[PDB]
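K.L.:
One structure is given below, represented as structure tokens, and several questions about it will come after.
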Protein chains: 2
Amino acid sequence: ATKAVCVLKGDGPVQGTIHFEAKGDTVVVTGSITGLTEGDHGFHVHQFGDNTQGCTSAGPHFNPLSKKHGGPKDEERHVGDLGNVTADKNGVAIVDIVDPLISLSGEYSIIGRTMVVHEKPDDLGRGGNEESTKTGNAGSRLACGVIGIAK
Amino acid sequence: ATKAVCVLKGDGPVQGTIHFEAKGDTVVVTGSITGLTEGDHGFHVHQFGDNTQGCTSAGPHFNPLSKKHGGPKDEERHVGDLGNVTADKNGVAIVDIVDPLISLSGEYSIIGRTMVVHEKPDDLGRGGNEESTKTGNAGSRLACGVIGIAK
Ligand SMILES: [Cu+2]
Ligand SMILES: [Cu+2]
Ligand SMILES: [Zn+2]
Ligand SMILES: [Zn+2]
């Protein structure tokens with residue numbers, strides 16, 4: 001598949017629609033998320049597309065290469081590490097990401113997995129603690145959705 | 001992936017959790033759906049895992065071999081044609097399906113696609129009108145969910 005989509009939903013006011021398109025050896029991620037507190041929010045692909053227990057059942061950050069957490073620009077990062085999305089004063093974040101590691105096909109495809117937007121900013125593994133190199137201290141999962149094949 | 005899961009949600013009271021497991025050379029579908037009217041309800045894999053416009057954006061039945069609609073035991077059927085689930089008087093349908101056309105990896109993969117449960121019975125393509133050859137006259141989509149990779 002060359003296109004994918006994900007509708008984010010949660011137990012709070014946060015919602016959004018994320019679009020994915022394969023371009024060359026990258027995936028262009030677009031869309032928007034609303035209902036967020038002003039500022040940065042961690043944005044990652046989690047391993048399982050399992051919504052049986054809210055966003056908790058999505059598991060850890062997608063990490064097929066068994067690396068530590070990092071920012072999208074780092075060599076040492078989880079495949080699912082897409083950094084931060086930024087919400088304005090009105091709580092709207094416009095997603096504009098081009099990533100070379102996530103894919104929509106092959107062993108490390110994100111189709112069927114989960115997109116999660118977090119409570120706090122992702123410190124990109126530069127927080128000086130063991131949680132920084134695991135989750136980026138992004139906090140709780142505000143909303144998530146299973147990534148599906150799009151027309 | 002050898003296991004998948006799908007959480008069904010809609011605008012009404014219908015909900016459910018569907019499990020998929022690759023066993024041997026086939027796929028075993030289990031789970032349950034609640035809030036249904038007593039009797040049969042069409043149950044199919046739809047093409048897109050797109051929930052941007054509710055269950056409508058899931059598109060038509062998954063049909064990579066370009067066939068007409070049928071029952072799961074028919075040669076002429078859509079890959080997504082899993083027939084009917086049956087709800088008891090309490091509105092509970094126990095899903096128990098083994099299917100030879102769907103898969104969880106490759107050309108026939110339903111990962112990233114959508115499961116839909118319908119308002120009415122699926123006539124298995126034998127209704128006699130054009131609609132039967134497309135949807136089995138199963139009618140509206142009561143609940144649906146994107147099929148994700150499970151642990
Ligand atoms: Cu995350
Ligand atoms: Cu259907
Ligand atoms: Zn990570
Ligand atoms: Zn069909």
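Identifiers in the structure tokens: chain A, B, ... in order shown; residue index from 1 per chain; ligand index from 1 in order shown.
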Env of stretch 133-141 of chain A: 6 Å cut, atoms = only C-alpha atoms, seq-sep filter 3 positions within chain, self excluded. Answer as a list in words.
P.N.:
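These residues fall inside the cut-off: residues 42, 68, 69, 118, 119, 120, 121, 122, 123, 124, 125 and 130 of chain A.
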K.L.:
Could you give me, as a list in words, every polymer residue with an atom at most 6 Å away from an atom of ligand 2, counting only C-alpha atoms and all ligand atoms?
P.N.:
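The distance check yields residues 43, 44, 61 and 116 of chain B.
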K.L.:
Atoms to include: C-alpha atoms. Write the selected residues as a short mmCIF file (atom, residue, chain, number, x, y, z; two decimals), in the first residue's frame.
P.N.:
```
data_model
loop_
_atom_site.label_atom_id
_atom_site.label_comp_id
_atom_site.auth_asym_id
_atom_site.auth_seq_id
_atom_site.Cartn_x
_atom_site.Cartn_y
_atom_site.Cartn_z
CA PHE B 43 -20.08 -9.83 8.55
CA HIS B 44 -17.30 -8.84 6.13
CA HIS B 61 -15.86 -5.64 0.43
CA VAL B 116 -17.96 -4.53 9.46
#
```
K.L.:
Do a neighbour search on residue A:8 at 7 Å with only C-alpha atoms, toss out local chain neighbours closer than 5 positions, and write the hits as a CSV table (one decimal) with C-alpha atoms, in the first residue's frame.
P.N.:
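Output below, filename out.csv:
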```csv
chain,number,residue,atom,x,y,z
A,15,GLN,CA,-8.9,13.7,18.3
A,16,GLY,CA,-7.3,13.9,14.9
A,17,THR,CA,-6.7,12.4,11.5
A,143,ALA,CA,-5.4,9.5,21.9
A,144,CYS,CA,-4.6,6.7,19.5
A,145,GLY,CA,-5.8,4.9,16.4
```
K.L.:
From a backbone DSSP assignment, name each residue in stretch 3-101 of chain A labelled strand (DSSP E), as an NGL selection string.
P.N.:
:A and (3-8 or 15-23 or 26-34 or 39-46 or 52-55 or 81-87 or 93-99)
K.L.:
Quick one: write out the picked residues with C-alpha atoms as a PDB file, in the first residue's frame?
P.N.:
```pdb
ATOM      1  CA  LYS A   3      -1.364   5.360   1.388  1.00  0.00           C
ATOM      2  CA  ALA A   4      -2.540   4.864   4.965  1.00  0.00           C
ATOM      3  CA  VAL A   5      -4.732   6.743   7.414  1.00  0.00           C
ATOM      4  CA  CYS A   6      -5.343   6.814  11.167  1.00  0.00           C
ATOM      5  CA  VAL A   7      -8.137   8.360  13.216  1.00  0.00           C
ATOM      6  CA  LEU A   8      -7.000   9.276  16.729  1.00  0.00           C
ATOM      7  CA  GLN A  15      -8.883  13.696  18.317  1.00  0.00           C
ATOM      8  CA  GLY A  16      -7.288  13.901  14.902  1.00  0.00           C
ATOM      9  CA  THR A  17      -6.724  12.367  11.483  1.00  0.00           C
ATOM     10  CA  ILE A  18      -3.273  11.364  10.270  1.00  0.00           C
ATOM     11  CA  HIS A  19      -2.457  10.589   6.627  1.00  0.00           C
ATOM     12  CA  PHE A  20       0.542   8.576   5.408  1.00  0.00           C
ATOM     13  CA  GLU A  21       1.934   8.404   1.875  1.00  0.00           C
ATOM     14  CA  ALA A  22       4.930   6.464   0.608  1.00  0.00           C
ATOM     15  CA  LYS A  23       7.292   8.698  -1.395  1.00  0.00           C
ATOM     16  CA  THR A  26      10.200   7.792   2.958  1.00  0.00           C
ATOM     17  CA  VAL A  27       6.713   8.178   4.376  1.00  0.00           C
ATOM     18  CA  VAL A  28       5.126  11.602   4.332  1.00  0.00           C
ATOM     19  CA  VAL A  29       2.942  12.109   7.401  1.00  0.00           C
ATOM     20  CA  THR A  30       0.272  14.812   7.294  1.00  0.00           C
ATOM     21  CA  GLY A  31      -2.956  15.754   9.049  1.00  0.00           C
ATOM     22  CA  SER A  32      -4.001  17.495  12.253  1.00  0.00           C
ATOM     23  CA  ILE A  33      -4.772  16.856  15.931  1.00  0.00           C
ATOM     24  CA  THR A  34      -7.148  18.971  18.028  1.00  0.00           C
ATOM     25  CA  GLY A  39       2.930  23.167  23.112  1.00  0.00           C
ATOM     26  CA  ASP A  40       4.757  19.980  22.171  1.00  0.00           C
ATOM     27  CA  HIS A  41       3.337  16.459  22.390  1.00  0.00           C
ATOM     28  CA  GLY A  42       5.147  13.176  21.804  1.00  0.00           C
ATOM     29  CA  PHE A  43       4.027  11.460  18.605  1.00  0.00           C
ATOM     30  CA  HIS A  44       4.946   7.775  18.015  1.00  0.00           C
ATOM     31  CA  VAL A  45       4.016   4.527  16.315  1.00  0.00           C
ATOM     32  CA  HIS A  46       3.396   1.858  18.921  1.00  0.00           C
ATOM     33  CA  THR A  52      -9.006  -3.593  23.564  1.00  0.00           C
ATOM     34  CA  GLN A  53      -7.715  -1.655  26.588  1.00  0.00           C
ATOM     35  CA  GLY A  54      -7.694   1.908  25.311  1.00  0.00           C
ATOM     36  CA  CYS A  55      -4.285   3.102  24.153  1.00  0.00           C
ATOM     37  CA  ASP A  81       9.956   7.625  16.982  1.00  0.00           C
ATOM     38  CA  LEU A  82       8.414  10.550  15.127  1.00  0.00           C
ATOM     39  CA  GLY A  83       9.292  13.183  17.729  1.00  0.00           C
ATOM     40  CA  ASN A  84       6.882  15.971  18.665  1.00  0.00           C
ATOM     41  CA  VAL A  85       3.840  17.637  17.178  1.00  0.00           C
ATOM     42  CA  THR A  86       3.206  21.213  18.235  1.00  0.00           C
ATOM     43  CA  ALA A  87      -0.223  22.522  19.255  1.00  0.00           C
ATOM     44  CA  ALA A  93      -1.384  20.740  15.838  1.00  0.00           C
ATOM     45  CA  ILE A  94      -0.709  20.504  12.123  1.00  0.00           C
ATOM     46  CA  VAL A  95       1.276  17.372  11.348  1.00  0.00           C
ATOM     47  CA  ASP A  96       4.028  17.746   8.731  1.00  0.00           C
ATOM     48  CA  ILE A  97       6.637  14.991   8.904  1.00  0.00           C
ATOM     49  CA  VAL A  98       8.795  13.192   6.336  1.00  0.00           C
ATOM     50  CA  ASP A  99      10.468  10.093   7.761  1.00  0.00           C
TER      51      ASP A  99
END
```
K.L.:
Quick one: everything within 7 Å of residue B:50, counting only C-alpha atoms, minus sequence neighbours fewer than 2 positions away in the same chain. Send it as a PyMOL selection string.
P.N.:
(chain A and resi 5+148-150) or (chain B and resi 48+52+57-58)
K.L.:
Would you save the residues of that selection, restricted to N, CA and C atoms, as a PDB file, in the first residue's frame?
P.N.:
```pdb
ATOM      1  N   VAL A   5      -4.036   5.714   6.661  1.00  0.00           N
ATOM      2  CA  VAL A   5      -4.732   6.743   7.414  1.00  0.00           C
ATOM      3  C   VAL A   5      -4.981   6.232   8.834  1.00  0.00           C
ATOM      4  N   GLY A 148      -4.546   2.236   9.149  1.00  0.00           N
ATOM      5  CA  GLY A 148      -5.133   1.395   8.126  1.00  0.00           C
ATOM      6  C   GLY A 148      -4.796   1.778   6.698  1.00  0.00           C
ATOM      7  N   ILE A 149      -5.075   0.851   5.792  1.00  0.00           N
ATOM      8  CA  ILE A 149      -4.839   1.051   4.372  1.00  0.00           C
ATOM      9  C   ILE A 149      -5.850   2.070   3.858  1.00  0.00           C
ATOM     10  N   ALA A 150      -5.374   3.061   3.107  1.00  0.00           N
ATOM     11  CA  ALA A 150      -6.251   4.093   2.565  1.00  0.00           C
ATOM     12  C   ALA A 150      -6.295   4.046   1.043  1.00  0.00           C
TER      13      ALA A 150
ATOM     14  N   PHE B  48     -10.772  -0.733   2.913  1.00  0.00           N
ATOM     15  CA  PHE B  48      -9.942   0.265   3.578  1.00  0.00           C
ATOM     16  C   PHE B  48     -10.091   0.373   5.092  1.00  0.00           C
ATOM     17  N   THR B  52     -12.400   7.766   8.726  1.00  0.00           N
ATOM     18  CA  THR B  52     -12.615   9.213   8.698  1.00  0.00           C
ATOM     19  C   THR B  52     -14.081   9.626   8.541  1.00  0.00           C
ATOM     20  N   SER B  57     -16.364   5.115   5.087  1.00  0.00           N
ATOM     21  CA  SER B  57     -15.059   5.234   4.450  1.00  0.00           C
ATOM     22  C   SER B  57     -14.264   3.928   4.329  1.00  0.00           C
ATOM     23  N   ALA B  58     -14.813   2.831   4.842  1.00  0.00           N
ATOM     24  CA  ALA B  58     -14.138   1.539   4.754  1.00  0.00           C
ATOM     25  C   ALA B  58     -14.241   1.007   3.330  1.00  0.00           C
TER      26      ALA B  58
END
```
K.L.:
Measuring between only C-alpha atoms, which one of B:131, B:107, B:88, B:11 shows the shortest distance to chain A?
P.N.:
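Ranked by minimum distance to chain A, first place goes to B:107.
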K.L.:
Show me, as a ChimeraX atom specification, the residues that have an atom within 10 Å of residue A:106 when counting only C-alpha atoms, minus same-chain residues fewer than 4 positions from it.
P.N.:
/A:110-111 /B:105-106
K.L.:
I need the chosen residues saved as a PDB file, in the first residue's frame, with N, CA, C and O atoms.
P.N.:
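Result saved to part.pdb:
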```pdb
ATOM      1  N   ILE A 110       4.167   0.010   9.227  1.00  0.00           N
ATOM      2  CA  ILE A 110       3.394   0.458  10.374  1.00  0.00           C
ATOM      3  C   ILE A 110       1.895   0.232  10.174  1.00  0.00           C
ATOM      4  O   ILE A 110       1.091   0.550  11.046  1.00  0.00           O
ATOM      5  N   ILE A 111       1.509  -0.318   9.028  1.00  0.00           N
ATOM      6  CA  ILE A 111       0.097  -0.573   8.803  1.00  0.00           C
ATOM      7  C   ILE A 111      -0.328  -1.676   9.759  1.00  0.00           C
ATOM      8  O   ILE A 111       0.334  -2.709   9.881  1.00  0.00           O
TER       9      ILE A 111
ATOM     10  N   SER B 105      -0.973 -11.887   6.170  1.00  0.00           N
ATOM     11  CA  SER B 105       0.286 -11.461   5.575  1.00  0.00           C
ATOM     12  C   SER B 105       0.286 -11.732   4.078  1.00  0.00           C
ATOM     13  O   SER B 105      -0.111 -12.805   3.636  1.00  0.00           O
ATOM     14  N   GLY B 106       0.726 -10.752   3.302  1.00  0.00           N
ATOM     15  CA  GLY B 106       0.771 -10.934   1.867  1.00  0.00           C
ATOM     16  C   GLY B 106      -0.428 -10.367   1.128  1.00  0.00           C
ATOM     17  O   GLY B 106      -1.167  -9.531   1.647  1.00  0.00           O
TER      18      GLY B 106
END
```
K.L.:
Can you list, as a ChimeraX atom specification, every residue of stretch 2-151 of chain B that DSSP puts in alpha helix (DSSP H)?
P.N.:
/B:132-135
K.L.:
For ligand 1, which residue among A:36, A:115, A:147, A:101 is the nearest when counting only C-alpha atoms and all ligand atoms?
P.N.:
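Result for the nearest residue to ligand 1: A:115.
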K.L.:
Counting only C-alpha atoms, which residue out of B:80, B:64, B:72, B:112 sits closest to chain A?
P.N.:
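Under the stated criterion, the closest residue is B:112.
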K.L.:
Quick one: of A:24, A:63, A:10, A:51, who's nearest to ligand 3, counting only C-alpha atoms and all ligand atoms?
P.N.:
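Closest to ligand 3, using only C-alpha atoms and all ligand atoms: A:63.
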K.L.:
So how far away is atom CA of residue A:37 from atom CA of residue A:102, in Å?
P.N.:
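So the two atoms, atom CA of residue A:102 and atom CA of residue A:37, lie 26.7 Å apart.
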